[PDB]
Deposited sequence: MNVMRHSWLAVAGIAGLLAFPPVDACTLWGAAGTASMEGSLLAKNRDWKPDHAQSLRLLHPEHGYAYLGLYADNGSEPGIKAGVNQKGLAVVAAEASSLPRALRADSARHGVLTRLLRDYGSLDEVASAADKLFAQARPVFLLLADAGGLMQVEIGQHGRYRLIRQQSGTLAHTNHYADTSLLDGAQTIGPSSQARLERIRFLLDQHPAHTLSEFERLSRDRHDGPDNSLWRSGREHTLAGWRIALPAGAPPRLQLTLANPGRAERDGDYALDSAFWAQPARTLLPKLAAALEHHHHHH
């Protein structure tokens, strides 16, 4: 998985959060809106079935968005919280506060949250150890390996794809000063470097979805999603998370 986003003069439509979900094409995913009994309503990029079902990404009505990356760097042995964020927190500051507990008890993982204000990257290591980064007027990017090795008990294992993919969105992003949603969409479909080391994989692992959202201040958030469930044809989502959107009943919005 490839995660990345821009904030500040680095974007022309506000905070951008993107996520490329890569995985063995052996399950089905779905975009679901949920109205939890206690918390904010939120959209979710669920993995209906498979080996690891659950929320892979989302965004709530308060306009807080988050995307996760698996921490393959370390053994499955040492390898949720994505839902707490979506249904109890409405801003990066809300998270920066309850972070030393929210993440101090979160399994290892890579998180990339975003809100009208900016972006925030969270790397949760072995046990409790976690590093934070908050950019407000620039760009951010992360894949499947820790940038701060200090958050682990021992040297990690960087996968060839996590390596290559990180160097690709890093390069492509460093070309222009500012970015847009339209651009990102093009970015997520880059087929540079074979079928395994590319942003849009198609080898052992296929990119099963493309997630991208824009969060302009004082305006409805705009979400675009490309679902690619194996066997089915590609389905694309384009929504405006306004008051009305969130008012609709909880149900699957992808695939129709």
>> Counting from residue 1 of the deposited sequence, where are the gaps with no C-alpha coordinates?
In response: 1-25, 105-110, 288-299
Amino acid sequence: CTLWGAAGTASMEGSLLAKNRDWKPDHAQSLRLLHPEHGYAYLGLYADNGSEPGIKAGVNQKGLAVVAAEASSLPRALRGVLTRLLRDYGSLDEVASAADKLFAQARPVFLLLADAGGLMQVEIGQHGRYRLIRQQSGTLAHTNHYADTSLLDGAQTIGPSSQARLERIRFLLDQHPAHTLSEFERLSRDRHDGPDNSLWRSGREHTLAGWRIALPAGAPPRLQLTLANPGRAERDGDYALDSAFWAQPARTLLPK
From here on, numbers count along this sequence of modelled residues.
>> I need to verify one thing: averaged over C-alpha atoms only, is the B-factor higher for 141-149 or for 125-133?
In response: 125-133
>> Averaging CA B factors per stretch from the PDB record, which one is higher: 105-113 or 164-172?
In response: 105-113
>> Among 243, 248, 9, 20, where is the Cα B factor highest in this entry?
In response: 248
> Which one of 95, 120, 74, 178 shows the biggest C-alpha B-factor in the PDB entry?
Replying inline: 74
>> Ranking every modelled residue in this chain by its Cα temperature factor as given in the entry, which third contains residue 39?
In response: highest
> Comparing residue 194 with the other modelled residues of its chain, is its CA B-factor in the lowest, middle or highest third?
Replying inline: highest
>> Where does the C-alpha B-factor of residue 210 rank in its chain, lowest, middle or highest third?
In response: lowest
> Is the Cα B-factor recorded for residue 33 in the lowest, middle or highest third of its chain?
Replying inline: lowest
>> Based on the deposited C-alpha B factors for this chain, I'd like to know if residue 230 is in the lowest, middle or highest third.
In response: highest
